[PDB]
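Enquirer: Quick one: structure below, then a few questions.
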2 protein chains.
Amino acid sequence: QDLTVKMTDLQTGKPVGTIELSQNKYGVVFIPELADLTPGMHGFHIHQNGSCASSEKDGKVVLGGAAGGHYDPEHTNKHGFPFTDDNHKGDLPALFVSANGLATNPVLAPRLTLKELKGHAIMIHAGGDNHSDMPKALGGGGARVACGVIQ
Amino acid sequence: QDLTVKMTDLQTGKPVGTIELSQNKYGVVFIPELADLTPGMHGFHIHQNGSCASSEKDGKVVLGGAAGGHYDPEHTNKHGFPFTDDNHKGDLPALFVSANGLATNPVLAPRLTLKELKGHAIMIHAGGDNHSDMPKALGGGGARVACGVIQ
Ligand SMILES: [Cu+2]
Ligand SMILES: [Cu+2]
Ligand SMILES: [Zn+2]
Ligand SMILES: [Zn+2]
C-alpha cells in the first residue's frame, strides 16, 4: 500500500514534484520529492476537502481555498503537534526545504492511516509551523503555496 | 516524567542550550532550545556511552569520541530511519537549525522510551542525515559538534 501524490504550485500552476505516502507500523510516512520551493521550514498539513481550486473570502481570492481547513475528524478546532491528540489530525511535522530549493526529508504522522487520507488535499504553506494557534493561528503557515489531491 | 539535558559545543567547550525529553503515547519527544549552531539539517542521534569526552583514533583526536557509536541495543549494525526497526534505535529525526542559528523544532522518536535513555549521550553532528549508510556511513553526519549526557 503506497500512493504518489502530484504537487502543484498554486501561484505558477506548474508542478513541483511528488510525495509518496506509505503505511508502516508507526504511522503514515510522507516521502517528499519536491523542488522549486523557498528554503526553510514550511507548514505541512492535510486539509478537509479534496480540491486545490481557489476560493473567495470577503471579496478576495484565496489560492487553494477550496481545500477548506485542516483535516479534523475529531472536531478539535485546535491546531497542534503531530503527536498530540487534542488538535487537527491533519497536523503533520513541518516540511524542510534545503538551500537548493529541494525537499527530500521524509516525515512521520503517528496519528494517521492511509485509508482515511483518500479524498483529502495535501497543503504546503509559505510560512512555517510552530504547532500552535499562537501568536498566529494555524501555526503561522499563512498563504498556501503548493497543493495536491490524494486519490 | 520530563528531563532536561545540557548541551555543549565540543569545539568551543561552551554551552549552546538544553533539550527537554518527555514521554508521550507515541514515543519520546525531544524539545530543543539550542543556539549558536550552523543553519541547516543536523544529524541527531543517541550514542552508546554516557560521555562527551574525546577519544583517540589512529593517532588523531576524536571530539566526542568517548560517546562511542549509535545506541543499538538490538545490535542491528545498520543506520536508518526513526520509524524502521532494522537499524540503530538511537537514530532520531534530523535536527533543524534556523537562519538565526536557533533550533526549537521538536522531534519524535517512536521506537524509544525515556527510561532506557538514562546514561546515554545525545549527539549533534556537523553534517545532515539521509538515514542510510550510503553514500556515506551513519547518514553522513560526519564530525560531532555538540554533545550532552542524559542523567
Ligand atoms: Cu494547511
Ligand atoms: Cu551520532
Ligand atoms: Zn492544524
Ligand atoms: Zn544510527
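In the C-alpha cells, each chain is lettered A, B, ... as it comes, each chain's residues begin at 1, and ligands are numbered from 1 in order of appearance.
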Please give me, as a ChimeraX atom specification, the residues lying within 10 Å of ligand 1 when counting only C-alpha atoms and all ligand atoms.
Expert: /A:42-48,64,67-71,79,90-92,121-126,129,138-147
Enquirer: Go ahead and write the residues just picked, C-alpha atoms, as a CSV table (one decimal), in the first residue's frame.
Expert:
```
chain,number,residue,atom,x,y,z
A,42,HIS,CA,7.1,25.0,5.6
A,43,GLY,CA,3.8,24.4,7.2
A,44,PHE,CA,2.6,21.0,6.0
A,45,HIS,CA,-0.9,19.8,6.6
A,46,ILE,CA,-3.7,17.6,5.3
A,47,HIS,CA,-6.8,19.7,4.6
A,48,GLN,CA,-10.5,18.7,4.7
A,64,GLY,CA,-6.0,26.7,-2.5
A,67,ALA,CA,-9.3,22.8,0.2
A,68,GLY,CA,-11.1,24.1,3.3
A,69,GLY,CA,-9.5,24.0,6.8
A,70,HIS,CA,-7.3,21.3,8.4
A,71,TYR,CA,-8.4,17.7,8.5
A,79,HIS,CA,-4.0,23.3,15.8
A,90,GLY,CA,-4.3,16.8,9.7
A,91,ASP,CA,-1.4,18.4,11.5
A,92,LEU,CA,1.9,17.0,10.1
A,121,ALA,CA,-5.8,17.7,-0.1
A,122,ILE,CA,-2.1,17.9,1.0
A,123,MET,CA,-1.1,21.5,1.6
A,124,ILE,CA,2.3,23.3,1.7
A,125,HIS,CA,2.3,26.8,3.2
A,126,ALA,CA,4.6,29.8,2.7
A,129,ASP,CA,4.5,25.9,11.7
A,138,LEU,CA,-2.8,27.6,12.4
A,139,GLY,CA,0.9,27.8,13.4
A,140,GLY,CA,1.6,30.7,11.2
A,141,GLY,CA,1.7,28.9,7.9
A,142,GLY,CA,0.0,31.8,6.2
A,143,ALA,CA,-0.6,31.5,2.4
A,144,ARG,CA,-0.8,28.2,0.6
A,145,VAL,CA,1.9,27.7,-1.9
A,146,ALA,CA,1.6,24.1,-3.1
A,147,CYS,CA,-1.3,21.7,-3.1
```
Enquirer: Could you list, as a VMD selection string, the residues of chain A having an atom within 12 Å of chain B when counting only C-alpha atoms?
Expert: chain A and resid 22 to 31 39 to 42 80 to 85 92 to 100 103 to 112 128 to 131
Enquirer: Would you mind writing down, as a list in words, each residue of chain B that DSSP on the backbone assigns to helix (DSSP H, G or I)?
Expert: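 Answer for chain B, restricted to helix (DSSP H, G or I): residues 65, 66, 67, 114, 115, 116, 117, 137, 138, 139 and 140 of chain B.
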Enquirer: Only C-alpha atoms, please: the residues just picked out, written as an mmCIF file, in the first residue's frame.
Expert:
```cif
data_model
loop_
_atom_site.group_PDB
_atom_site.id
_atom_site.type_symbol
_atom_site.label_atom_id
_atom_site.label_comp_id
_atom_site.auth_asym_id
_atom_site.auth_seq_id
_atom_site.Cartn_x
_atom_site.Cartn_y
_atom_site.Cartn_z
ATOM 1 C CA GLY B 65 34.589 10.059 20.597
ATOM 2 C CA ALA B 66 34.177 8.641 24.095
ATOM 3 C CA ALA B 67 30.437 8.567 23.342
ATOM 4 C CA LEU B 114 12.568 7.626 28.474
ATOM 5 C CA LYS B 115 13.845 5.013 30.963
ATOM 6 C CA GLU B 116 16.307 3.433 28.533
ATOM 7 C CA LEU B 117 17.890 6.776 27.619
ATOM 8 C CA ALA B 137 28.138 5.824 6.582
ATOM 9 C CA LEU B 138 25.991 6.887 9.510
ATOM 10 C CA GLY B 139 23.918 9.069 7.207
ATOM 11 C CA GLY B 140 26.773 11.489 6.577
#
```
Enquirer: Using DSSP assignments from the backbone, pull out every residue in chain B that falls under strand (DSSP E or B) and give it to me as a VMD selection string.
Expert: chain B and resid 2 to 9 15 to 24 27 to 34 40 to 42 44 to 47 55 to 57 60 to 62 70 91 95 to 97 103 107 to 109 121 to 125 144 to 149
Enquirer: What lies within 7 Å of residue 119 (chain A) using only C-alpha atoms, ignoring chain neighbours under 5 positions off, as a count of residues only?
Expert: 4
Enquirer: Expressed in Å to a single decimal, how great is the separation between CA of residue 32 (chain B) and CA of residue 17 (chain B)?
Expert: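 Answer for the CA of residue 32 (chain B) to CA of residue 17 (chain B) separation: 8.0 Å.
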